[PDB]
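Architecture and fold: a report
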Amino acid sequence: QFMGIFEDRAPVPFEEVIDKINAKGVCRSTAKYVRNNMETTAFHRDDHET
Amino acid sequence: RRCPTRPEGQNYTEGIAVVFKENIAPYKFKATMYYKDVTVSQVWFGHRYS
């Protein structure tokens, strides 16, 4: 049973839009952003950055 | 031949008028909202990230 599903929309930083998405066509598997005055990081599948 | 003359002519009643249309604008007033944002955040502190 789901006891909770926190869904959020994080921005993609400038250094990822240009260096990753626009340059290589890829996106990082980690979302590092600022939410509620706090540095929050999320790892996809709780795995390493890819 | 006995042909008719000019018609009688319209009798006009000079006056003043105010023309009302159906009211469609909503009734507007000033209200005040008192509330409290209660934000409870659950943070998991990893080795190097939160």
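- Determination of this PDB entry was carried out by cryo-EM to a resolution of 3.12 Å, according to the record.

1. Re the interface of chain A and chain B
- The interface is formed by 6 residues belonging to chain A together with 4 residues belonging to chain B.
- Interface area for chain A against chain B, summed over the two sides, is near 360 Å², with a carbon-plus-sulfur share of 63%.
- If you sort the residues of chain A by the area they bury against chain B, A:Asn36, A:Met38 and A:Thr41 come out on top, with a joint share of 75%.
- Where chain A packs against chain B, one counts 0 salt bridges.
- Taken together, chain A and chain B are joined by 1 residue pair in polar contact.
- Among the residues making up the side of chain A that touches chain B, the classes are represented as 2 nonpolar, 3 polar and 1 charged.

2. Points about a nonpolar patch on the surface
- Taken together, A:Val12, A:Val17, A:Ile18 and A:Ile21 make up a surface patch of nonpolar side chains, about 290 Å² in accessible area.
- Tracing the backbone shows A:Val17 in helix α1 (residues 14-22).

3. Side note on unusual backbone geometry
All names here are of chain A.
- Positive phi is not limited to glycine here, since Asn36 has a value of about 50°.
- Within the secondary structure, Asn36 sits in the loop between β1 (30-35) and β2 (38-43).
- One non-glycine residue with positive phi stands out, namely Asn37, at about 60°.
- In this fold, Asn37 is placed in the loop between β1 and β2.
- Residue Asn37 is classed as exposed on the basis of its relative accessible area, which comes to 82%.

Thresholds, definitions, all that
Residues numbered from 1 in each chain as written, not as in the entry; some residues may be left out. Chains lettered and ligands numbered in written order. Part of a larger assembly, values for the part shown. Heavy atoms only, no water. Contact = heavy atoms within 4.5 Å. Buried area = accessible area lost by both parts, 1.4 Å probe. Salt bridge = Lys/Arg side-chain N within 4 Å of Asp/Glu carboxyl O. Polar contact = N/O pair within 3.5 Å; in protein donor to acceptor, adjacent residues only side chain to side chain. Nonpolar A, V, L, I, M, F, W, Y, C, P; charged D, E, K, R; others polar. Patch = residues over 30% accessible without salt bridge, like charges linked within 9 Å, V, L, I, M, F, W, Y side chains within 5 Å. Areas by Shrake-Rupley, 256 points an atom, 1.4 Å probe, with all protein chains shown as cover. Helix = DSSP H or I, 4+ residues; strand = E, 2+ residues; numbered from the N terminus. Buried < 20%, exposed > 50% of the residue type's maximum accessible area, 1.4 Å probe, protein only.

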